């Protein structure tokens, strides 16, 4: 029909990457308030029925590997997949404590041809990070 099939043993896995501290060399500062987001997000997605896992202060390598391995797990029994990224960022990119890595490379692991058990299943990514430095002053 018109709705995704949700009749599975479980709703799915929810991966949370909570990056608060970064290496001095990146020029990025401490993201105070991020723990508050992670806590609320985890409680929230747990209530929805996801198997949530929270990772903290990950390097770019850790982020790629972590998601690559999640995409290699068997999701046959899950209805969907969710990933939340909390960190610094610029356009098309997200910061690891190490430096910068492309969002496209992070999500490519779950393409239909590289993660067959999530094929035809919704793959969600929530991203809290900047995408440049333009300001919206608003109107009215």
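Positions refer to the first chain, counted from 1.
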Open item on the list: Tell me which stretch has the larger mean Cα B-factor in this entry, 122-130 or 20-28.
Closed with: 20-28
TODO: Would you check the entry's CA temperature factor for residue 111 and let me know if it's in the chain's lowest, middle or highest third?
DONE: middle
Open item on the list: Looking at the temperature factor on the CA atom of residue 62, which third of the chain's modelled residues does it land in?
Closed with: lowest
- [ ] Classify residue 76 as lowest, middle or highest third according to the C-alpha B-factor given in the PDB entry, relative to its own chain.
- [x] highest
